[PDB]
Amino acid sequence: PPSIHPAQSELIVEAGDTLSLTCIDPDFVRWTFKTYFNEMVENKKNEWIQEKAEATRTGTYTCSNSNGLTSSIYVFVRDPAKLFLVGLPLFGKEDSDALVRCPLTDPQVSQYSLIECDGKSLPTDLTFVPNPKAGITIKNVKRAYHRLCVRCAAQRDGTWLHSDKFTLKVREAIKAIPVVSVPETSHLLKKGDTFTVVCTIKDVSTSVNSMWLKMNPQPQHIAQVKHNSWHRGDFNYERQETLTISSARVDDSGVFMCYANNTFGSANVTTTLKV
């Protein structure tokens, strides 16, 4: 593998000071650097000079080989102003993890932890794992954490320092059957008169697939349906499927079903018409 001159796994350079890396290899290709926002900065020179190094240059640098070998060194560009790197939102799937992207530029600090952005108490079952090179990870995310704002905290020489507000947004792990409902159970009118039936679908996400059916010879699907959707609450999505048929006939008569299926289960409600 390539040999990086600053022969150490971690390097602490001061902000404003120059930052130079060098990797020696006969089959050298390029240098690679992952930005806070997942981007790859490239440099095709043996030595990478960084005059007046900015805190944003903190991160892992990788020297690439033509043979396919890699060697990396993590650099901390310490700035007193920016102890934490911020800029990205906080997302997280339910029953999964959520990384609070607040990596530090100074690893020489204690008590690196999470705290409620307004000083309050954190949920009893909230568990987190600190990581100077990435941020703080929230273990096992629940729907009760939706809209929780946190701050990364660390003690620097006795004094406490906080990062910007991180407001967690959680993705619902769809594990329930949809909820369908229709006003009337059965209704009928004469030919010519137009009728309208509005089906109400309720679920925790927008992913639900809803549709209107015309089951007489076999469950047939109709494309003439008006879509309407609203976010009623945190995990309360609602879609209103409106079936409209202009000038009713003898052909347009029978039982209509409103089907809606999740990645979990499915639901259905039927209404009767006879014209």
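We number the residues from 1 along the sequence you see.
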(request) Return whichever of 227-235 and 212-220 has the greater mean Cα B factor according to the PDB record. (result) 212-220
(request) Tell me which of 40-48 and 244-252 has the higher mean C-alpha B-factor in the deposited entry. (result) 244-252
(message) So if I compare the CA B-factors in the entry for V197, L83, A153, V129, which one is the largest?
(response) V197
(request) Between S163, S113, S186, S72, let me know which has the highest C-alpha B-factor in the entry? (result) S186
(request) Pull the Cα B-factor of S181 out of the PDB entry and bin it into the chain's lowest, middle or highest third. (result) highest
(request) Would you mind checking where the Cα B-factor of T18 ranks among the modelled residues of its chain, as the lowest, middle or highest third? (result) middle
(request) State the tercile, meaning the lowest, middle or highest third, of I24 with respect to the CA B-factors recorded for its chain. (result) middle
(request) Using the B-factors in the PDB entry, rank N140's C-alpha atom against the chain and give the third, lowest, middle or highest. (result) middle
(message) What third of the chain does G192 rank in for C-alpha temperature factor, lowest, middle or highest?
(response) highest
